[PDB]
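The form deposited in one PDB entry is given below as one chain in structure tokens.
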């Protein structure tokens, strides 16, 4: 086993030069540095470890170092270099698994200050190295009277860079040993820094292997990117911008502008008692000016101020439909009486309350709908074009949006998506969802050889949450619930268990139950509120004792205040439990998450074993994984058919693999884009 790290001239997307690399070998206990001209030797050293059936540890190597080495080897040496997945370990991937209860700066992309909770020390140092190296580079520069430029610290190799590279390997080595010292994931009897790759994966908790396969495949997914119709979105942007203007014109006509105090420095005090009046707006008292200009032997002072004569400076403000404050201000002046405020005094002004607002003036009452449409349109404009993470700002030269994915960013094992978040694209059911969705699709990618558009295969795990629920209650009801889902009508049954009217109510209740939801939204289906809500969620449980037994068994295991603050996941990992009441949900969300993770892994593996190639230069390409669904680009219709059938096969395999008490299934759909494939 060896531990390594490299320094290059840019992010994966545009890297062209290998600056240096360092290698620590456990079999020799020595650190070896490789400078710019030792690149070939560095690569030879990595392949030598592969030839021995060894292991290579990088911190974040799955997303950067490894693909970067493949790229740089070809560019700089015209050499084919591909480290096999099974020979690579990633301490970032391991940390996110073992310290899943903690956040991280995602290697410097997020500012520490904003992250809640604490941060593992070694992982923190590794993620701040670029910024630290940068700060030191500038220091030395602005120390020799030399101007600093954007990011020149990465342009050329230098010893300061070599020293940081060496330090990265010492820290990575320490993180590794720290991670391997966790007996839950790594049996104590085995020295994991002294075993071959097959032993490493086979003797450690299944979760270790799964997270590494997930990171490897998702790294490939990011590189593939999601074909995006830039033109279609620019046109939608023009359309939305026009509706925004028109709604602004109309709202500015309805709610005129006004004045507000601003820039007051001195406190206002009663002229009589001199008593400070804090509630009164701040004033300003000029120390110069009079009715007549200063004499010299008297001409009028043109100025507008008079020493000692105080005034309240003010600003002119125009109604802004995006301001919750303006809306609150204008609506109450229309007779609206806020029924619910925030824990800061401000009255709640969300779509639901605006929906309830009733004012006498008919034009103002109608303006509310214009305000609701305005806020929604701003939400779309922000996500598609104007926001910091807007689609139009992220589409790349290859015509694709390469969204980032943290394979295990959520406590439950779910992945997190960002830059931009492709797991929060408006659905087809919401306003403009059809156009937003249609903009992401295989059809927007033209085959490199034939120029023909690709086809998309969209596949999702059918009623995954309910099935996970069925599985866990099987030890209390013997598969009754699982049997009803597969043959009967679990929804109707739930409609009977819970004395609810329509069958859809239950179909909305259950998901509210699984995905957590107060008695408010709960009873909000039965007209009432959290009132009948409490009654409803109780009558349900009453008629479905297996769920009550389950909840109780979870409690007994965690609360004796805690006996253990974690729950065991499907692959054996520890799943931190934030609160006792959210325990069942954490369990269900985690099973779905882990089932979906192994599923997409097994699907890709089966495709490759069937001879299909993963890549735009191949037969298929993973474009997105949104929790319980995957969108895959396919070179042909026939291939899309194979991907769909293979995904179904993989899901069955996963269900059998973890002896699931409820049969698992998938539904697939073929089409040109995300709108049609869901």
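Superpose the two forms; the largest set of C-alphas matching within 1.5 Å is the rigid core. Residue numbers count along the first chain shown, from 1.
Quick note: we don't show the form deposited in another entry, though the next part is all about it.
Once the core is superposed between this form and the one not shown, every option in 240, 591, 233, 498 stays below 2 Å in C-alpha shift except 498. In a rigid-core overlay of the protein, residue 165 has its C-alpha displaced by under 2 Å between this form and the one not shown. Remark: with the core as the superposition reference, the CA shift of residue 488 between this form and the one not shown reaches 2 Å or more. Put the two forms on the same core and the Cα of residue 421 is off by less than 2 Å between this form and the one not shown. Cα of residue 507 to Cα of residue 433: at least 3 Å shorter in that other deposited form than in the shown structure. Between this form and the other one, the CA-CA gap for residue 516 and residue 433 widens by 3 Å or more, being larger in that other deposited form.
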